[PDB]
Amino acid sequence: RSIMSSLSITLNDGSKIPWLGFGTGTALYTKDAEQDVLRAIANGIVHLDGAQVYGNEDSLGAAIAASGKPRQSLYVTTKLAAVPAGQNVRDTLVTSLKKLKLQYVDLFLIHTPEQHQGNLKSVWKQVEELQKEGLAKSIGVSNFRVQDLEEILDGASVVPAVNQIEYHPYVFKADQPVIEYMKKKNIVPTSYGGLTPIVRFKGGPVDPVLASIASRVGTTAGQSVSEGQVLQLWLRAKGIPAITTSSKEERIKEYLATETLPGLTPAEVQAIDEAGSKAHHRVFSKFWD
């Protein structure tokens, strides 16, 4: 499996980002983070999502090196945290690249606008220069509201390629404005937290809908399909890359299956939209509310 051999989404700069990703997330121990990345790579996930702030870039780089998979087969994202005192954005990326043991990242994101209040335009210009310098192939943002995007786009030479956000049926209704804005600017959303409805809020209104659709998709595919896999197919139907976090090979194998399971129909996506819209559950980036 490689970026080329995998389902991918085309970004506004021409590059392809694999639809299925795996993130080290907020993994507490770097020893676990490394093993989970190795498991993700071994099972065929070719999109790896890291972040400065949680300190797991060393594990991500060690796992890439230990996997035996060519780095050029993989798409690597990392994310700008706060700029340490006496440094600039470039400094953090050079530090990230040394930890990742890479010459460039495929994608460099501003992790959150809350860490750059009053300096958003300055930070984005610096990230634009890092793309010119060859250190980040594509550049984007994370957890940016419409207003935040408006700010950095005012006088920008590069439109962010992605906005990585919490995205699942229980934020669907609240996120409709930013989703519409991004589609007008050709910013691709990428989702984290895609399993939130059933991991954190099992028993809400989306569950019977997911159960019904999983039965349908399963009969079309000739294999058992879980409610979690339908939540990813919902993202796939919208063209939104899914960043996952499960450590377990059995769940990782399920994620992989959703790359090629039969797609959801319009009525099925609509039904999930509607059921999700009966409840708002935002787990991360509460400043959005």
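In this text, residue numbers run from 1 along the sequence as written.
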| property | result |
| --- | --- |
| Residue stretch of maximal mean CA temperature factor, 86 to 94 vs 151 to 159 | 151 to 159 |
| Segment of higher mean CA temperature factor, 277 to 285 or 13 to 21 | 277 to 285 |
| Options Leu28, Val53, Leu38, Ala237 - largest CA temperature factor per the record | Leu28 |
| Most elevated Cα B-factor in the entry, residues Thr190, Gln103, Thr196, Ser138 | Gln103 |
| Relative C-alpha B-factor of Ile252, binned into the chain's lowest, middle or highest third | highest |
| For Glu128, the third of its chain into which the C-alpha B factor falls | middle |
| Chain third (lowest, middle, highest) by recorded CA B-factor, residue given as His168 | lowest |
| Within-chain third of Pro241 by Cα B-factor, per the entry | lowest |
| Third of the chain, ranked by Cα B-factor, where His116 sits | highest |
